[PDB]
2 protein chains.
Amino acid sequence: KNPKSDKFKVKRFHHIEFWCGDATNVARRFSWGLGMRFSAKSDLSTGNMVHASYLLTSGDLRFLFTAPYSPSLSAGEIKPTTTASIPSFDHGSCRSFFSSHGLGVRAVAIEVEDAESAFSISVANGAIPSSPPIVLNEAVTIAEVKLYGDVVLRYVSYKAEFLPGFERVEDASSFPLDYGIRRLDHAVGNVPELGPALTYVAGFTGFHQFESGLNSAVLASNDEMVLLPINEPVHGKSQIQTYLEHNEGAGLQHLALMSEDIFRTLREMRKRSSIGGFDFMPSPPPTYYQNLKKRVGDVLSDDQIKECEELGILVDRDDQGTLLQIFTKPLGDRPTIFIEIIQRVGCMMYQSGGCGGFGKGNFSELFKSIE
Amino acid sequence: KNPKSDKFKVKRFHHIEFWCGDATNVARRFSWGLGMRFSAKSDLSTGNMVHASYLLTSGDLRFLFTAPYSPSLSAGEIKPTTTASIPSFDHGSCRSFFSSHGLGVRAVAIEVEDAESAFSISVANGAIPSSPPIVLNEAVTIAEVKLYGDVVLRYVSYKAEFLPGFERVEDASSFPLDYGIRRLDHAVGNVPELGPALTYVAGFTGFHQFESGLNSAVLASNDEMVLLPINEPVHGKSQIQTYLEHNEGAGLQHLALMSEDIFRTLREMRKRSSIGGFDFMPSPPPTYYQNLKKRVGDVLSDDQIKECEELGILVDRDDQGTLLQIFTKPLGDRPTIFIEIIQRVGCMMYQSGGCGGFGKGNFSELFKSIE
Ligand SMILES: Cc1cccc(C)c1-n1c(=O)c2cc(C(=O)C3=C(O)CCCC3=O)ccc2n(C)c1=O
Ligand SMILES: Cc1cccc(C)c1-n1c(=O)c2cc(C(=O)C3=C(O)CCCC3=O)ccc2n(C)c1=O
Ligand SMILES: [Co+2]
Ligand SMILES: [Co+2]
């Protein structure tokens, strides 16, 4: 059931901001490995003396990579005179975040109708403020509140390309890479305790709720297009607890990137795993794919089923739809954040968000496949 | 003239160690953009709880990329019990280095006959010690002394693959990339004052000395295969001063990578500039290549000359030989460290090091070409 209890009008995921130590190298690695286009920048060449920010896009997916310059470049600046394009940025916060967690997501940004209203309502319902609403170039309003750990939920609202202060990248430097990724499906956080974390986030958004490892629940917006699952560990080793130990606390676990064609996406990504791209988790045993026809035989032809076997793609099914999924290795040095590629089948109305679930059935289907 | 005044037996450049925030993403970017093979690792999967280190190799060129884990992973370790494979590593030093300078070279490593003797003699002749000699697995000895800024000169000596504690990468994860790079030619540092810096480094090594921008001199070993130029700025804007401001002091400016075939190297690197690799500085004006036949007409055929024009390759000449060179854009966010590709022609005896010089003539040949 959908109570539709959003306390402000939420639309879609807008962007994901990574806080790194060197934004150039991460952006280039991600661009090549994921097939994302280099489309906007904010740095020294655009007059930003505070931070380097490079935007990658694939369809509607927007990845932002930000790193701090030497504070000496902007020592005489104050906040009213800053040359930073993202006003919530903070040298001390960024360096502390990066040295504490390593590479990871700082901001999950969602587009809203009015960021300042979204901030006010959120704080009045228990959200811890992080950056107050600020209007950029009389065009865009941005505000941030705490989500979990050091991750903040960012509200963006437009009066009427990314943000003021960003430059469109020249076509010569912008290679039209595309492996089929089109938008962000969901963003999942790991916390030490799911109870307080759900109560906190559901408390200020009004989002409703959608033997190995974790306990989890999924918070969703009204149209169920903004999906925010959260994991806690179970003790008795949990992948969630390993994340908390290596990340130094709560944070974002994985980003799910919907592909228009997961087969092409995975062929392009796997071709590049060993030449600068991303490695994937080991494939399921062949017993797993020898049981797929037993479950998804009416959805996937056995030509397509065996194509999932070469690519290592997982299949799960739901009340209303079918899910195709695969997980990469951790994106950086630490066994923390990783990426999942998905494509959903069913629930045609547009496609309703969350069609197929999130792969809970794949835990027992893989536990039993390895026998 | 060559005084051959080395105070200990120096052989060759051994490796360059980059200190980064995330060693996975930098290594992968460098691997793809430069065509270097992923050949050794030291991290969690090999029992290293202190730091992640990934070695790239192309011919004899060895690039090492190191980042610190969370100190919590090794809080109970002391130096005699450390699981770090590089014992000179220090969480506080690495994070301070990276947050102060951004991505850059921490260690220029040269192979010597006896690292502990090299350290003792160096310190007794005025070198500031950084890490005392330590014997690894009764096989390799490592020691470090300060070079300039936070860059240390590292001595490696072998009793008889990189270091103890590193694992050979499995062939499945090791793609044989190769764009023609074969060894490190020279490593150049920028300092605020060339006088004290030369006196300091020449003082403890015994190395002998080999209107726009800089003042520089080149220190060399006996066989002149280890070459260490140093730049200072001239005021009246200097690229050297810009480096010092953005790097927060002295450091390594550029690494010169000798290619067996600079034409193929540059074609492979340029093909990849916009898909995760490295950008190059803008090419000289066509007037420059319209004057190349006037100077190098006896060395390069005009088919090869015009091939330098498409690639943007610079040509300089010496008393004894000819130099081919090109410079990349800065490797990271800050306008600091960059890379130069070179191939030397002449001085056949093996080829004697430094054949062709370092491109001093290209300053006036480019100043006059732009007219
Ligand atoms: C990738 C990996 C590495 C080491 C250990 C493990 C358990 C895993 N791992 C997963 O992380 C994983 C995650 C999801 C997933 O996306 C998901 C959750 O199940 C929680 C609810 C929200 C959500 O979206 C589904 C299936 C998974 N499976 C099957 C899996 O094996
Ligand atoms: C690449 C770039 C960017 C912005 C500003 C400038 C001056 C440059 N720049 C160089 O840095 C450069 C460096 C060398 C060089 O390698 C070298 C030196 O001349 C000092 C002695 C040791 C040594 O090896 C040669 C030619 C150069 N030229 C011609 C050039 O234009
Ligand atoms: Co998921
Ligand atoms: Co040089």
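Just so we're on the same page: letters track the sequence lines, and every chain starts at 1. Excluded from the calculations below are hydrogen atoms, water molecules and symmetry mates; all remaining heavy atoms, backbone and side chain alike, are included.
- Using a 4.5 Å cut-off between heavy atoms, B/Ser31 does not touch chain A at all.
- Chain B forms the most heavy-atom pairs under 4.5 Å with one residue out of A/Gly277, A/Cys20, A/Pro68, A/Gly102, and that residue is A/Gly277.
- In this structure, A/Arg29 CZ and B/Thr24 OG1 are separated by 7.0 Å, a value rounded to the nearest 0.5 Å.
- In this structure, B/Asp22 and A/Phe98 approach most closely via the heavy-atom pair N-CZ, 4.1 Å.
- The most heavy-atom pairs under 4.5 Å with chain A, out of B/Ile275, B/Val26, B/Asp43, B/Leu331, come from B/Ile275.
- Counting heavy-atom pairs under 4.5 Å between each of B/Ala52, B/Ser99, B/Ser274 and chain A puts B/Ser99 at the top.
- By number of non-hydrogen pairs under 4.5 angstrom with chain B, the leading residue of A/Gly276, A/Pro335, A/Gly21 is A/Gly276.
- Of the possible polar contacts, one joining the A/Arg28 side chain to the B/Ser273 backbone as a donor-acceptor pair under 3.5 Å is found.
- Interface remark: B/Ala23 contributes backbone and side-chain atoms alike to the contact with chain A (heavy atom separation under 4.5 Å).
- Contacts between B/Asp333 and chain A at a heavy-atom distance below 4.5 Å involve backbone atoms as well as side-chain atoms.
- Rounding to the nearest 0.5 Å gives a distance of 3.0 Å between OG of A/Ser70 and CD of B/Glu248.
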